[PDB]
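**Student:** One structure, as structure tokens, below. Some questions next.
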Ligand SMILES: *[C@@H]1O[C@H](CO)[C@@H](O)[C@H](O)[C@H]1NC(C)=O
Ligand SMILES: *[C@@H]1O[C@H](CO)[C@@H](O)[C@H](O)[C@H]1NC(C)=O
Ligand SMILES: *[C@@H]1O[C@H](CO)[C@@H](O)[C@H](O)[C@H]1NC(C)=O
Ligand SMILES: *[C@@H]1O[C@H](CO)[C@@H](O)[C@H](O)[C@H]1NC(C)=O
């Protein structure tokens, strides 16, 4: 039988922007702007 | 220490201090936002190429004793048990031992 | 454009041959329904054979 | 290909019934939006103020 | 490296930016037995 190759997914709704895309959901992100 | 004290007859100087602050602020804001956007596109492309690279690493070792399925999976033309599956993950699949 | 080529290559699988110039050729007669399915991403691979 | 005019990426379709150029709507549209956003990031993120 | 708290600071501070959000992806695109990387995580 088969062996599939893939990657991690989770329940994150954290979104980031890129040059080509907007509102892209990522599994993990780091905020590098200190707001508090 | 940001912020300087100027008298009311120094407005033409206070304004230069303001300009450096606004000037550097636009430089850093523009660069910070493009740095983040450029890095995020590179990051996502990196991750997508890493999983494809893994697929090819596997494809290259499995060679002709498998078929690709077209959905990012492979199927063997021979019985493949835990030792076989572990070898594929390990990069030790003994291709010459198996046949269709 | 390369990604498109591979999307197509992956669905056409073994019922085609690559030509080496960025084109594919079928080993079976391929009419408008067939060609449209390849463009659509619905090529019914199991229905065709060499 | 000079002939395709209905998008950036597409197909030739040379079957026995005739040859025509079709844009791969999904590929063209995604690339199109990607480029548009790129141009806008360069332009829209530039800050202006009265000076 | 960056902050948006206030433009006037005293001390050894991050750079001030006119931005509400600088977020780096660190993870994978969270794309939401039958498939691999082709269809999603
Ligand atoms: C997502 O949420 C469900 C509960 O609705 C939980 O059982 C599951 O483990 C969570 N999955 C991940 C990847 O966080
Ligand atoms: C991005 O997300 C914001 C909410 O944080 C929303 O207002 C905006 O319309 C979204 N942009 C796009 C292109 O979806
Ligand atoms: C690969 O196989 C060898 C031989 O059985 C074993 O010693 C080694 O630990 C395996 N490596 C991995 C990553 O499983
Ligand atoms: C794909 O095929 C289906 C079934 O004939 C049709 O309804 C759909 O519109 C086609 N899509 C495209 C992009 O041609």
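Residue numbers (the deposited numbering), protein chains in the order written: chain A, 11 to 46; chain B, 394 to 493; chain C, 444 to 493; chain D, 343 to 393; chain E, 293 to 324, 334 to 342. Yeah, the Cβ is synthetic: ideal placement off N, Cα and C, and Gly gets one too.
#1: For chain D, check one thing: does any of its Cβ atoms lie closer than 7 Å to the Cβ of residue 432 (chain B)?
#2: Sort B:492, B:471, B:454 and B:462 by Cα distance to residue 480 (chain B) and report the nearest one.
#3: Would you give the residue range spanned by the beta strand (DSSP E) that residue 462 (chain C) belongs to?
#4: Compare the C-beta of residue 463 (chain B) against all C-beta atoms of chain C and say whether one is closer than 7 Å.
#5: To which residues does DSSP link residue 357 (chain D) through a beta bridge?
#6: Can you give the Cα-Cα distance for residue 315 (chain E) and residue 478 (chain B), rounded to whole angstroms?
#7: For residue 369 (chain D), which option in C:482, C:456, C:488 and C:490 has the closest C-alpha, if you only look at C-alpha atoms?
#8: Leaving aside the five residues before and after residue 471 (chain B) along the sequence, list all residues of the same chain whose C-beta is less than 6 Å from its C-beta, in chain order.
#9: Just tell me which of C:449, C:445, C:446 and C:458 has its CA closest to the CA of residue 489 (chain C).
#10: Any idea if residue 424 (chain B) is buried or exposed, counting beta-carbon neighbours within 10 angstroms, 16 or more meaning buried?
#11: Run through chain B and tell me which residues come within less than 9 Å of residue 299 (chain E), C-beta to C-beta.
#12: Between the region 21 to 38 of chain A and the region 414 to 432 of chain B, can you find at least three pairs of beta-carbon atoms closer than 8 Å?
**Tutor:** Checking against the coordinates, here is how it stands:
#1: Indexing the second chain from 1 puts residue 432 (chain B) at position 39. Taking Cβ atoms only, chain D never reaches closer than 7 Å to residue 432 (chain B), which makes this a no.
#2: Reading the second chain from its first residue, position 87 is the one you call residue 480 (chain B). Checked all of B:492, B:471, B:454 and B:462; the closest Cα to residue 480 (chain B) is B:454.
#3: Counting from one through the third chain, the residue named residue 462 (chain C) turns up at place 19. No beta strand (DSSP E) holds residue 462 (chain C); DSSP gives it neither H nor E.
#4: As a working mapping, residue 463 (chain B) is identified with position 70 in the second chain. Yes, residue 463 (chain B) counts as interfacial toward chain C.
#5: The count along the fourth chain starts at 1 and reaches residue 357 (chain D) at position 15. According to DSSP, residue 357 (chain D) bridges with D:360.
#6: In the fifth chain, the residue the question calls residue 315 (chain E) occupies position 23. In the second chain, the residue the question calls residue 478 (chain B) occupies position 85. Approximately 39 Å between the Cα atoms of the pair.
#7: On the fourth chain, position 27 is the one that residue 369 (chain D) refers to. Nearest Cα to residue 369 (chain D) within the set C:482, C:456, C:488 and C:490: C:482.
#8: If you number the second chain from 1, residue 471 (chain B) lands on position 78. Taken in chain order, the residues that qualify are 491.
#9: The residue labelled residue 489 (chain C) in the question sits at position 46 within the third chain. Residue 489 (chain C) has its Cα closest to that of C:458, out of C:449, C:445, C:446 and C:458.
#10: Start at 1 with the first residue of the second chain, and residue 424 (chain B) comes out as number 31. Exposed, by the Cβ-count rule.
#11: Position 7 of the fifth chain, counting from 1, holds the residue named residue 299 (chain E). Correct list: 395, 396, 414 and 418.
#12: yes
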